[PDB]
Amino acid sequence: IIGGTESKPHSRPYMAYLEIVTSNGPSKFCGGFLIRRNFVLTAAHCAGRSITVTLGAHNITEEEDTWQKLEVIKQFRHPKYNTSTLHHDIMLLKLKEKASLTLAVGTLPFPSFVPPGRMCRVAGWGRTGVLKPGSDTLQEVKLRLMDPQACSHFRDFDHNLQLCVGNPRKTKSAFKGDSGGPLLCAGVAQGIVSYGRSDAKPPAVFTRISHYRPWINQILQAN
């Protein structure tokens, strides 16, 4: 998160910190959010050979009793996810066991477009600048929902599939390490962080989760 503030600790109890493991390079990191006690929603580009989920975190470098480190038993990457266009960048992670509900850990379901100009909030442990490491503490930032023409330069952006997020006048933005984190508008999840420019200039592209709620429900019911 660039240009944000430290979250009040444990004030976003659905947030998930993901470590993405692959066979041929070191760990990478993503966000996500708990939508059922045994399912986390995140981005498809965060898929790996294995993933570990930490719930209940604030400072991710300091173990505490609120942490729940949970095993992922299966990744459900959207069947139409396209590595070239980045369309359908959404994935469900099934946890081995149901998380414990605590003050610091709870679910965020979302029900069945928010107009541009509205302000929304996104949180994450991602990089705080182009040349900066991920934040040790959960950060959050208020971003403007944009008209889709603001993201035209992402040639594979599509308004019905995706949200365009972050006024280009500001440096405020989601960034690397924040993928999969939820965008909340008036307390309701509307998007997840998908991608943006390597130089961090907003807007960034978020998956429009409304479009995917039927698919999410089909995975939840079958599993």
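Just count from 1 along the sequence shown to find any residue number.
Gap size, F113 back to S112 (deposited sequence, no coordinates)
Unresolved stretch here: 1 to 3 residues.
Look up the CA B-factors in the entry and say which stretch, 209-217 or 196-204, has the higher mean.
The stretch with the larger average C-alpha B-factor is 209-217.
Would you tell me which stretch averages the higher CA B-factor in the PDB entry, 76-84 or 145-153?
According to the PDB entry, the answer is 76-84.
Would you mind checking which of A57, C185, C164, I51 has the top Cα temperature factor in the PDB entry?
Top of the list by C-alpha B-factor: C185.
According to the PDB entry, is the CA B factor of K132 in the bottom, middle or top third of its chain, that is, lowest, middle or highest?
Highest third, going by the recorded CA B-factors of the chain.
Third assignment of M15 from its chain's C-alpha B-factors:
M15: CA B-factor falls in the lowest third of its chain.
Third of the chain's Cα B-factor distribution that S173 belongs to, per the entry
Middle third of the chain for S173's C-alpha B-factor.
Compared with the other modelled residues in the chain, in which third is the CA B-factor of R121?
Within its chain, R121 is a middle-third residue by C-alpha B-factor, going by the deposited values.
Taking only the Cα B-factors deposited for this chain, tell me whether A43 sits in the lowest, middle or highest third.
For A43, whose C-alpha B-factor we compare with every modelled residue in the chain, the answer is the lowest third.
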